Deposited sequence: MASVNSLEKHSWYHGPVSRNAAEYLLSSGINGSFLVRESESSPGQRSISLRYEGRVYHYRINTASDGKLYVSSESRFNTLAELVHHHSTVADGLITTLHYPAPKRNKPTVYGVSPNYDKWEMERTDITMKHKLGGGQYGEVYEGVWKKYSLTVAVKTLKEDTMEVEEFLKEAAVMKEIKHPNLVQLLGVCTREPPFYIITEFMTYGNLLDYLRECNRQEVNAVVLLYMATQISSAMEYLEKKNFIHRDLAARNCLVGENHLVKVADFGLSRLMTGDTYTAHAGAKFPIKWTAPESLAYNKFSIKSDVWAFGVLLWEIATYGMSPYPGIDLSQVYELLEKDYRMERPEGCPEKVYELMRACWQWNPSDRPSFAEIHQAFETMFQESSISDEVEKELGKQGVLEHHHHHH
């Protein structure tokens, strides 16, 4: 009945809708621009809305979108987070000045994301839809993973998604496609694809390839080619993420350490 995260809905003024349902609003007390997720008072997604709120309370990491407060006493239910200025990483990359957002910057963004994912790995969470679209950007190439796609692993290492669930085939690991099973390893695969998105400045993965065939191509060892101007080390990491066997994919700890060193090395140059 008492929750520290619960804030008065009074202290929030809405400014502008951003999608969906998400708004740019203002926490008036702190004169702070915030992001506010909400829902229609006629929805069955109330339970999962609240579950994700609860999850986000447990989450604390620089490269994970920070929860600020909630309004879960009566409709409309709010989840308030910090406001990421530039929106998602996909559109950012597509619209960016590539002279500004160059190689070392891409390395930096990958490093940040892998930090967030290592954190989740440690905390027994998995992200159900890890992609550039669900990474948000702030000033100085700050990247944060959107935490609404998070699921906690209560037992074991494998989250089974609800029966008949749609999933982004090109981002989805083959064991997830075949069995609806998501491990942190599945997220490692997805992160590989995200690396591809970053390197290509937001190209659609497996471009031109009919979705129906995708799985079958992966089974027969087809992987996306190294993007133009992508360092061979990075591509090697991408292929490592796309190992057929989940057990052969690296951990996000390994991945993050790799990108950390690579980034420092590029920073020297």
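- What the model leaves out of the deposited chain are the segments 1 to 115, 136 to 139, 389 to 408.
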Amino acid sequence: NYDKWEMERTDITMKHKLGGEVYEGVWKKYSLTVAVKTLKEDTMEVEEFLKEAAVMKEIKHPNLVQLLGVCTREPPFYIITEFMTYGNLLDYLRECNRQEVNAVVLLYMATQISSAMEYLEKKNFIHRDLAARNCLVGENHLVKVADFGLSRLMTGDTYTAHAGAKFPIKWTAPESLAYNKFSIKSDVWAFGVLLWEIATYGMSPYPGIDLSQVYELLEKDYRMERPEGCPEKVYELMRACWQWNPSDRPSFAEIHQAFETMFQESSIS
From here on, numbers count along this sequence of modelled residues.
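- Mean CA B-factor, 174 to 182 versus 76 to 84: the higher value falls on 76 to 84.
- Set 33 to 41 against 198 to 206 and average the Cα temperature factors; 33 to 41 ends up higher.
- The PDB entry assigns the greatest CA B-factor among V234, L217, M224, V46 to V46.
- Remark: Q257 belongs to the middle third of its chain, ranked by C-alpha B-factor as recorded.
- Per the deposited record, the Cα B-factor of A165 falls in the highest third when ranked against the other modelled residues of its chain.
- Per-chain ranking of the deposited C-alpha B factor places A240 in the lowest third.
- Ranked within its chain, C71 lands in the highest third, by CA B factor from the PDB record.
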